[PDB]
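Here's the structure we're looking at; comments come further down.
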Amino acid sequence: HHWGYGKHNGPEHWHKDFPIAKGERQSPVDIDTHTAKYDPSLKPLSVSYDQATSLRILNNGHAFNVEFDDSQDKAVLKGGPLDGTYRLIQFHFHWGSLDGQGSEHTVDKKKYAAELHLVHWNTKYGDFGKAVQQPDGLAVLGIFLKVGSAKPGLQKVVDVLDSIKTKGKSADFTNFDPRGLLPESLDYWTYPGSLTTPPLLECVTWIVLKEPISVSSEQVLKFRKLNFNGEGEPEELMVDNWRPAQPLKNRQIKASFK
Ligand SMILES: [Cl-]
Ligand SMILES: [Cu+2]
Ligand SMILES: [Hg+2]
Ligand SMILES: [Zn+2]
């Protein structure tokens, strides 16, 4: 039975099909702010999304993915802990059934209402499938969401969700500008980890921003109206699609800021 987030197929079961779930550099993790070390050898981070080309939005039965044209260097992440250039391929979120949970990373055990992952692949490996065979194939920019004022740059996503309610549905999603999902500050923590959904591949340099974005209660409420199930199946609301914190093991979390 497919992986998911319910009691019978959720994160505590993933290891049986994906034994790497219990591996040496799994994500997410708790970010203990008092033991992360400021690292002065970190170059500033460069987020260049002005030429981004969004194509489509898809409900895949686990979350929704906003997919980008990554066939040219258009929306790239560089600098910070990264060597070379990473190309944006998609973003998605993880969120809760209530505002007190939903993030995957936690900050001194604090859970945010949701978390945005902008997924990029290392353009020295030619494309995504080859990048995910490399320990430095991916960079994911992770951004916490808290409930407060609306985030204007998220509204076009929220408005399209009605049209991709159930698993397998997709809609045209061109000209979406991901710059409108960023907070003001680019201060971040970074550590080596993995994708947080099966197949949980240990390819990711995580860059998790310290500053959350605020979204309104009405915006997150619309995320919670999505469905894990497909059309004409019984309703299973898409909520709590987050994996909990995993063992830090032999890893150090570095901070970009004092
Ligand atoms: Cl690898
Ligand atoms: Cu699936
Ligand atoms: Hg890998
Ligand atoms: Zn994710």
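Values quoted throughout were computed directly from the atomic coordinates according to the rules given, and no laboratory measurement underlies them. No Cβ is skipped: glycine too gets one built from the backbone with ideal geometry, and neighbour counts run over all protein chains shown.
Restricting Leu226, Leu237 to those that are within 18 Å of the chain's Cα centre (by Cα) and hydrophobic (A, V, I, L, M, F, W, C) reduces the list to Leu226. Would you confirm whether or not region 144-167 contains a residue that is within 16 Å of ligand 3 (Cβ to nearest atom), farther than 20 Å from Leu98 by Cα and out of contact with any helix residue (DSSP H, G or I) (no Cβ under 9 Å at 6 or more places or on another chain)? There is no residue in region 144-167 that is within 16 Å of ligand 3 (Cβ to nearest atom), farther than 20 Å from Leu98 by Cα and out of contact with any helix residue (DSSP H, G or I) (no Cβ under 9 Å at 6 or more places or on another chain).
Would you call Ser194 among the small types (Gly, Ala, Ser) and within 16 Å of ligand 3 (Cβ to nearest atom)? Give the steps one after another, and end with the answer.
Working: among the small types (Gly, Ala, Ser): yes; within 16 Å of ligand 3 (Cβ to nearest atom): yes.
Criteria met by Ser194.
In summary, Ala113 fulfils each of the numbered conditions (1) more than 16 Å from ligand 3 (Cβ to nearest atom); (2) small (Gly, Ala, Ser); (3) out of contact with any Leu (no Cβ under 7 Å at 6 or more places or on another chain) with the single exception of condition (3). Listed conditions (1) in a helix (DSSP H, G or I); (2) under 27 Å from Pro244 (Cβ atoms); (3) within 16 Å of ligand 1 (Cβ to nearest atom) are all met by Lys130, apart from (2).
Would you mind stating whether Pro198 is closer than 26 Å to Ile20 by Cβ and either within 15 Å of ligand 4 (Cβ to nearest atom) or among the polar types (S, T, N, Q) (or both)? So that I can check it myself, show each step before the final result.
On the way: closer than 26 Å to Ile20 by Cβ: yes; either within 15 Å of ligand 4 (Cβ to nearest atom) or among the polar types (S, T, N, Q) (or both): yes.
Taking the combined requirement at face value, the residue satisfies it.
Within region 129-138, identify whether any single residue is within 16 Å of ligand 4 (Cβ to nearest atom) and under 23 Å from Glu184 (Cβ atoms), and answer yes or no. Within region 129-138, not a single residue is within 16 Å of ligand 4 (Cβ to nearest atom) and under 23 Å from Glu184 (Cβ atoms). Does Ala75 count as over 18 Å from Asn241 (Cβ atoms) and more than 16 Å from ligand 1 (Cβ to nearest atom)? Yes, satisfied.
Yes or no, residue by residue, for (1) within 27 Å of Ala21 (Cα to Cα); (2) free of Cβ contacts under 8 Å to residues at least 40 places away in the same chain; (3) within 16 Å of ligand 1 (Cβ to nearest atom):
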position	(1), (2), (3)
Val107	yes, no, no
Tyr112	yes, no, no
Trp121	yes, no, yes
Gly137	yes, no, yes
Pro152	no, yes, no
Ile164	no, no, no
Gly168	yes, no, no
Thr174	no, no, no
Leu182	no, no, no
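Can you name every residue in region 6-24 that is closer than 14 Å to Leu200 by Cβ, in contact with an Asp or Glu (Cβ under 8 Å, 6 or more places away or on another chain) and either part of a loop (DSSP other than H, G, I, E, B) or free of Cβ contacts under 8 Å to residues at least 40 places away in the same chain (or both)? Listed by number, the residues that qualify are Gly23, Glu24.
Number of residues in region 166-220 that are within 14 Å of the chain's Cα centre (by Cα) and among the aromatic types (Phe, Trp, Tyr) equals 1.
Pairs linking a residue in region 230-258 that is of a type in the set (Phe, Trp, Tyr) to a residue that is surrounded by 13 or more Cβ atoms within 10 Å (Cβ to Cβ), with Cβ atoms under 6 Å and 6 or more positions apart or on different chains, are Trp242/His94; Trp242/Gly102; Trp242/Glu104; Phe257/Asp187.
Residue-wise test of (1) surrounded by 20 or more Cβ atoms within 10 Å (Cβ to Cβ); (2) within 16 Å of ligand 4 (Cβ to nearest atom); (3) of a type in the set (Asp, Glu); (4) more than 27 Å from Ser170 (Cβ to Cβ).
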position	(1), (2), (3), (4)
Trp14	yes, yes, no, no
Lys37	no, no, no, yes
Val47	yes, no, no, no
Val66	yes, yes, no, no
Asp73	no, no, yes, no
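Within region 122-135, track down each residue that is in contact with a strand residue (DSSP E or B) (Cβ under 6 Å, 6 or more places away or on another chain) and either among the aromatic types (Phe, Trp, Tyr) or within 14 Å of ligand 3 (Cβ to nearest atom) (or both). Full working, then the answer.
Step one: of region 122-135, the residues in contact with a strand residue (DSSP E or B) (Cβ under 6 Å, 6 or more places away or on another chain) are 122-123, 128, 131.
Matches in region 122-135: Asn122, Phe128, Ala131.
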